[PDB]
């Protein structure tokens, strides 16, 4: 395995799918308008994220749709126009594309184009995301950069069960249409303590998970765990102190936390599983260069997936793993 997973009242050990269920549970209990729907959600979903909710809340609030993603998102928009909370599920992020027009032309623009007479702020679209070891072209994709070029939506990716429940509760409650991408490899990979009761993590705020003084590393989702290990390799093998940052919200993103870090370190490495070209690291890199030009001691490095579709048998060679990141960091330190 390419990664290692490593105040608020009572907590229980939860894996990532359980913490999604807890978030959904808390939401349906406190918001009578809230409904969950999409493909195969009724029996508990193909990743188990909705287990027991239809029994608890009723078949009118947790239900299967026909197999039509443009319909699922159009339907969720319509529910949210009435003011009801619509939690739509898209079965894999790779299958969000049939809904792209509903998301980009419709949900993102609904408030703006109506002068705020109408909105779909109460829509959240949840979708498993990212590589899984063997998902190949259509069960592995990270589409966040496609959505980052769309003013009007929020895109949010957690790195852990505690983060997932707090960020999902934030998306569900946020007054803007949100896409919540759940790293599917983490669904059943290590548990942590998660508060039983509802709590929120702020959107548009990065988290500095480890302080450092030599270089700034930025990632999101599973890749955070990859950079955490890179920090460890760098301290041990090179005596390099790394500041590790989880971006968490893709848009609108926390420009200030990133620039502040880089102003202190002078070096930045961004890493994501998505292809390099057009990937979201490009937006981060461009912006930091613009704000921290006087502070930058080395070219900003992006360690990303290659500019190919996501392969089956070659996955171990495709992903921006700890060695790829370390080497790039080594070279950036030698610059």
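Residue numbers count along the first chain shown, from 1.
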Does at least a third of the other compared PDB entries (those resolving both flanking residues) leave residue 5 without coordinates? yes
What number of residues from the deposited sequence go unmodelled in the gap from residue 334 to residue 335, classed as none, 1 to 3, 4 to 9, or 10 or more? none
Output the stretch having the higher mean C-alpha B factor in the entry; the candidates are 186-194 and 78-86. 186-194
The stretch carrying the higher mean Cα B factor in the deposited entry, 291-299 or 35-43, is 291-299
With respect to the C-alpha temperature factors reported in the PDB entry, which of 237, 139, 109, 248 ranks highest? 237
Looking at the C-alpha B-factor values in the deposited entry, which of 96, 172, 231, 179 comes out highest? 231
Within this chain, which third does the Cα B-factor at residue 60 fall in: lowest, middle or highest? highest
So where's residue 127 on the chain's Cα temperature factor ranking, which third? lowest
Could you say whether, by C-alpha temperature factor, residue 285 belongs to the lowest, middle or highest third of its chain? middle
Based on the deposited C-alpha B factors for this chain, I'd like to know if residue 152 is in the lowest, middle or highest third. lowest
Going by the entry, which third of its chain does the Cα temperature factor of residue 15 land in? middle
